[PDB]
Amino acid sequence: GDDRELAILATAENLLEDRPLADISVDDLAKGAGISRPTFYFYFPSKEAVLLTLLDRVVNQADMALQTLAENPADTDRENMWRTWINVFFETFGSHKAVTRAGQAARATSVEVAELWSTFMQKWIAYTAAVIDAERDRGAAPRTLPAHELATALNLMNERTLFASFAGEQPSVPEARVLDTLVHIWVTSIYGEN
């Protein structure tokens, strides 16, 4: 069973590179996976449910990598620490642009997609705030904005900026400049006096 599910998921990710989910049919997905339409419906209720699963897989991948990072002793310098951290988002989502793009669009129409994304964001925002607090506690960063509010805006910047870059949106930061850009804003706003 898991093999057919995997093939449906691989097909959907391949087709999402070429067109939106609205222009991909259940027949398209079934054909690509080498199954019939009713066999498709045994594994997934809808093509939307397929996207939800793909998004869950990509988000889980980012989460697992961020968890490994958090578990290693911190950084080398503070700037490099944050670069390595933001890089996990850049590489994970940038390696699944089609799913990322589709998932972002789906948040507006799907409560499940919206909740999946919200849970992920809340977790890594809370982590970011805890890190900022610890930096302040050790005298490495000044006590400026409430850490959770600062953490929220910075992560939301990362979300919008990375996703615009991946998609080549007009306007966007070039993908090759996006890491340096975000890192600068993080380091200045976290460690800068104000």
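Start at 1 and count along the sequence shown; that's the residue number.
- Message: Going by the mean C-alpha B-factor recorded in the entry, which is higher: 131 to 139 or 152 to 160?
- Response: Result of the comparison: 131 to 139.
- Task: Take the C-alpha B-factors listed in the entry for 143 to 151 and for 62 to 70, compute each mean, and give the stretch with the larger one.
- Result: The stretch with the larger average C-alpha B-factor is 62 to 70.
- Query: Which one, 55, 35, 26, 125, has the peak C-alpha temperature factor per the PDB entry?
  - Reply: Within the set 55, 35, 26, 125, 26 shows the top C-alpha B-factor.
- Task: Just grab whichever of 86, 98, 105, 121 has the top CA B-factor as deposited.
- Result: By C-alpha B-factor in the record, 105 ranks first.
- Item | Where the record places residue 11 (Cα B-factor, split into thirds across the chain) | It belongs to the middle third of the chain when residues are ordered by C-alpha B-factor.
- Query: Can you tell me which third, lowest, middle or highest, the CA B-factor of residue 80 falls into for its chain?
  - Reply: CA B-factor rank for residue 80: middle third.
- Query: With respect to C-alpha B-factor, does residue 170 fall in the lowest, middle or highest third of the chain as deposited?
  - Reply: For residue 170, the deposited C-alpha B-factor lands in the highest third.
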